Number of protein chains: 2
Amino acid sequence: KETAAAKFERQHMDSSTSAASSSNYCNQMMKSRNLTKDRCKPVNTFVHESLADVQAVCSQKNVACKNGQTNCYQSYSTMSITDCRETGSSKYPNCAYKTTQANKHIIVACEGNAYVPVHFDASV
Amino acid sequence: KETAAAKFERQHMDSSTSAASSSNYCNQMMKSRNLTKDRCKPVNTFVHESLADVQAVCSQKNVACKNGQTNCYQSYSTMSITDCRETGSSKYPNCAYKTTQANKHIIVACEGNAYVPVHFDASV
Ligand SMILES: Nc1ccn([C@H]2C[C@H](OP(=O)(O)OC[C@H]3O[C@@H](n4cnc5c(=O)[nH]c(N)nc54)C[C@@H]3O)[C@@H](CO)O2)c(=O)n1
Ligand SMILES: Nc1ccn([C@H]2C[C@H](OP(=O)(O)OC[C@H]3O[C@@H](n4cnc5c(=O)[nH]c(N)nc54)C[C@@H]3O)[C@@H](CO)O2)c(=O)n1
């Protein structure tokens with residue numbers, strides 16, 4: 001029942017802060033957004049920009065996704081982000097991560113449904 | 001089962017003709033599009049324009065729907081349409097309709113989803 005859109009927010013959005021505020025940022029976040037749930041998600045990026053600016057990325061530079069597909073977009077400007085990487089001593093269920101702050105262009109895959117008619121209201 | 005959008009085409013789309021052929025048009029189309037199957041749909045409009053053109057309406061003048069919701073759109077140009085309205089003699093299962101040809105702006109309710117981010121691909 002979770003939309004994919006809401007899934008992206010949960011896994012990658014953190015606009016309440018301008019940067020990761022401590023080396024334990026990833027340990028905290030990866031667990032609170034349920035990314036250690038059934039195993040330790042090894043690589044995850046959190047973005048510290050308004051939801052609007054992130055969403056706007058879908059109207060910026062179209063690039064190929066790293067898996068070949070074409071619905072990826074690269075931000076024209078750098079954004080404050082946090083790289084989360086599972087360390088060499090992590091092991092489910094005690095997931096452990098290294099936290100790295102960065103300012104990079106983000107690249108995202110975007111999806112939607114073009115608006116189509118679904119009901120004839122009236123003619124005028 | 002049938003999508004809202006597929007049902008809209010079934011009920012209202014007839015790009016294969018540029019206007020109602022005769023006064024029996026509605027009696028025939030209401031039957032073939034199954035709008036008389038279990039009951040007589042009372043009023044129904046068919047649009048004689050390309051699918052491209054009708055769908056582009058969702059990008060045109062936004063207006064309020066007859067029911068108050070705000071996702072209705074009105075075509076900028078008038079379009080060729082046929083009004084199908086039940087006659088006083090229409091009694092299920094012998095649905096009967098009056099065919100009226102016209103050129104007016106159509107108003108339809110549109111649906112879809114904003115193109116938003118759904119996966120984080122990479123940083124660069
Ligand atoms: N515990 C670890 C630690 C490191 N690794 C690998 C992956 C690392 O490459 P990256 O390019 O950092 O990241 C790999 C790709 O991931 C991508 N990436 C970045 N952020 C995300 C994200 O949020 N989701 C996602 N699906 N992929 C992401 C971009 C890169 O192509 C590599 C070198 O450090 O070692 C690992 O396998 N297990
Ligand atoms: N059997 C009959 C015969 C005549 N009428 C009325 C409706 C006519 O006014 P309209 O403005 O066409 O009003 C019609 C309204 O119907 C609506 N409409 C039109 N086409 C459709 C459609 O495809 N679906 C839908 N749900 N509503 C439609 C919007 C229009 O304002 C009026 C005068 O002929 O008599 C009737 O109500 N029942």
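FYI, side chains are in, hydrogens and waters are out, and symmetry mates aren't considered; it's all heavy atoms of this structure. Per chain, numbering begins at 1; letters A, B, ... match sequence-line order.
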| field | chain B contact via A:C72 - which portion, at a heavy-atom distance below 4.5 Å | value | side chain

| message | Quick check on the structure: residues of residues 20-51 of chain B within a heavy-atom distance below 4.5 Å of chain A, by number. | response | B:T45, B:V47

| note | Max heavy-atom pairs within cutoff under 4.5 Å with chain A, candidates B:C58, B:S59, B:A5, goes to B:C58

| Do any N or O atoms from the side chain of B:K104 and from the backbone of A:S123 form a donor-acceptor pair under 3.5 angstrom? | no

| field | Considering all heavy atoms, the nearest A:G112-B:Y115 contact | value | N-CD1, 3.5 Å

| request: Using non-hydrogen atoms and a 4.5 Å limit, figure out which bit of A:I81 sits close to chain B: side chain, backbone, both or neither. | output: side chain

| By a 4.5 Å heavy-atom criterion (distance strictly below it), what part of A:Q11 contacts chain B: side chain, backbone, both, or neither? | neither

| Verify same cluster id: B:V57, B:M13 (apolar side-chain graph, 4.5 Å) | yes

| said: So, taking the atom named CD1 in A:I106 and the one named CG in B:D121, what distance separates them when rounded to the nearest 0.5 Å? | reply: 11.0 Å

| said: Checking the side chain of B:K7 only, and the main-chain atoms of A:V118 only, is there a donor and an acceptor separated by less than 3.5 Å? | reply: no

| message | Given heavy-atom pairs under 4.5 angstrom as the criterion, report whether the side chain, backbone, both or neither of A:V124 touches chain B. | response | both

| request: Please state whether the rings of B:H12 and A:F120 are parallel, tilted or perpendicular, taking 30° and 60° as the class boundaries. | output: tilted

| task | Please check if B:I107 and B:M79 belong to a single hydrophobic cluster, counting links between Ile, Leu, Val, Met, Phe, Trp and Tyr side chain heavy atoms closer than 4.5 Å. | result | no

| Where does A:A114 contact chain B at under 4.5 Å (heavy atoms): side chain, backbone, both or neither? | backbone

| Atom CD in A:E111, atom NE2 in B:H119: separation rounded to 0.5 Å? | 5.5 Å

